[PDB]
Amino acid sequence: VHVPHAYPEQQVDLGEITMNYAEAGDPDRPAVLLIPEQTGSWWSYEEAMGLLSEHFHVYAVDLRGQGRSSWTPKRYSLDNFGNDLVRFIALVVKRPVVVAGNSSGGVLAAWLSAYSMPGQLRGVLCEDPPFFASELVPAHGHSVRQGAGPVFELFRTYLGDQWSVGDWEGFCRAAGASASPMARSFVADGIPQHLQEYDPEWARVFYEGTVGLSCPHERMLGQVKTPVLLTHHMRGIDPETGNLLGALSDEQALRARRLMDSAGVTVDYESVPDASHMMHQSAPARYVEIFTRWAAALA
């Protein structure tokens, strides 16, 4: 299923799983780790990796259940993703890292900041993170069922765990009829390449609230141990449904920022209301600029 890409691909044995990834930049430059969004593979960062390879040693990784990394039925949880990335940092990077993650990847960047092995990290970028919005029963704001829940429901029903169903036509019919604008956005004639590399059990665990069941966001956010850059992209409310448009509300962002303040770290909050969910794709230069500014200030 796997198509050619700009950078050569490598695979590492993290124990339970094998992780696919891709390197860029001069080795001696500072290390950067790029975590894709859900339904996103490492080559989600390609453009940005280019821009970033000028100054950093860039690693971009396929999480488990994505890309060419291992698919693990019944094993998708926040802690398993996070310890995957911890083992990657220790076995492959072998140096302190600045982590950047988009959406679910941003959630795992915060997870690393709070729960990585000591001194594994210098700072994390959380790019449009669904703090509390990706939870089934958050401590603040809307649940996943009022956010991206609908999209996940469609993935679970019509694609199935490990593409066991694979009813793409049914998926497009129901998605086009969804009141969720994001749901109606995922419609296409053929299956996008990124979804072909995606295990839809990801959707199941987010929709059903099991992925973070033992990793509540308030404790994560209250236990961060590194500087955090939080970018906050398009956001809004669908008047017809009340549902959250975007990754997280202003209220949820404020609560997350104040929890991270209680953890005693320094937070750079950059509201970019006009940016798309995946700014590293829609506007690679703007994203690399923000990241580089914040990164220079560390250590």
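Quick note: we count residues from 1 along the sequence shown, nothing fancier.
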Read off the CA B-factors in the entry, average them over 202-210 and over 86-94, and name the higher stretch.
86-94
Taking the deposited Cα B-factors and averaging over 48-56 and over 232-240, the higher mean is found in 48-56
Listed options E153, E135, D161, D189: highest C-alpha B factor recorded at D189
Here the Cα B-factor of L254, set against its chain, lands in the third termed middle
Which third, lowest, middle or highest, does the CA B-factor of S185 fall in along this chain?
highest
How does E289 rank on Cα B-factor within its chain, lowest, middle or highest third?
highest
Among the chain's modelled residues, which third holds the C-alpha B-factor of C172?
highest
What third of its chain's C-alpha B-factors does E23 belong to: lowest, middle or highest?
highest
